[PDB]
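Counting from 1, the numbers follow the sequence of the chain as shown. When reading the values below, keep in mind they use all heavy atoms of this one structure, side chains included, and skip hydrogens, waters and symmetry mates. Atoms within a ligand are numbered from 1 in the order they appear, just like the ligands themselves.
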Amino acid sequence: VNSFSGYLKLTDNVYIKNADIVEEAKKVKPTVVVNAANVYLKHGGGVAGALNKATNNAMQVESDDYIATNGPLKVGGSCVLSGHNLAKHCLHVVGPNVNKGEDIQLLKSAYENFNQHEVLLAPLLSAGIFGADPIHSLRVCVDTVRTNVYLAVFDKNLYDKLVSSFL
Ligand SMILES: NS(=O)(=O)c1ccc(C(=O)O)cc1
């Protein structure tokens, strides 16, 4: 048993809810929250900027030190950093950004990072400003992630479409 509430079960291991991932993280304080990161860990908009804003910019300060030491992530890659006031850990995962021309086949590699963690709160990857089709992202998630993932979908209209079209 875990603390996640109000989710619709899609599969053995994937759950979904219409929720603001920031508000969900603040309530649950999960072991792992996933950030929809870019390779520079520049948390400017969407989930990364909202997560970073909710940490009072501490996520960005930590991230800048990580990049100064290690250089950029790979598209499809990840790093584990602090969860600050939102979670124990934040798993920063880089899905391909369609609006920058990245290979959508890298979306499966991105979701494979989730399998290193038993339970995660996470948004769909490559959605919103990354330019991928969220229906596709949910299908790759279900077909790739084997650990228990709790998906927060901000947009109520999209949530309803994801559920009603789910195979
Ligand atoms: N890639 S993003 O611009 O941060 C993004 C991620 C998820 C949602 C959503 O749940 O609706 C919206 C935008």
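Set against the non-hydrogen atoms of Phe154, the atoms of ligand 1 under 4.0 Å away are 9 (C), 10 (O), 11 (O). Close approach to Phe130 involves these atoms of ligand 1, each under 4.0 Å from a residue heavy atom: 1 (N). Residue-ligand proximity, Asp155 to ligand 1, at heavy-atom distances under 4.0 Å covers atoms 11 (O). Contact atoms of ligand 1 toward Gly46: 4 (O) (distance under 4.0 Å to a heavy atom of the residue).
In terms of modelled atom types and a separation under 3.5 Å, the side chain of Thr55 and the main chain of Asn52 share a donor-acceptor contact.
Classification of the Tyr15-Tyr150 ring pair by plane angle, with boundaries at 30° and 60°, yields parallel.
Here the side chains of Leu81 and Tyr66 are in contact, with some heavy-atom distance below 4.5 Å. Between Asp64 and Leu41 the shortest side-chain heavy-atom distance does not fall below 4.5 Å. Looking only at side-chain heavy atoms (C-beta outward), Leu106 and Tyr111 stay at 4.5 Å or farther from each other. The closest side-chain heavy-atom distance from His43 to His92 is below 4.5 Å. Between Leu107 and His136 the shortest side-chain heavy-atom distance falls below 4.5 Å.
Closest heavy-atom approach to atom 5 (C) of ligand 1 among the candidates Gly128, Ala37, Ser137, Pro123: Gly128. Between the choices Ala50, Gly95, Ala127, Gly45, the shortest heavy-atom distance to atom 1 (N) of ligand 1 belongs to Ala127.
Distance check for atom 9 (C) of ligand 1: a protein heavy atom is found below 4.0 Å.
Counting only heavy atoms of the protein, atom 3 (O) of ligand 1 lies nearest to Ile129 N, 3.2 Å. For atom 6 (C) of ligand 1, the nearest protein heavy atom (residue, atom name, distance) is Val47 CG2, 3.8 Å.
A distance of 6.0 Å or more separates the ring centres of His117 and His89.
Under a 4.0 angstrom heavy-atom cut-off, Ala152 registers as being in contact with ligand 1.
Ligand 1 has no N or O atom lying under 3.5 Å from any N or O atom of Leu158, backbone or side chain.
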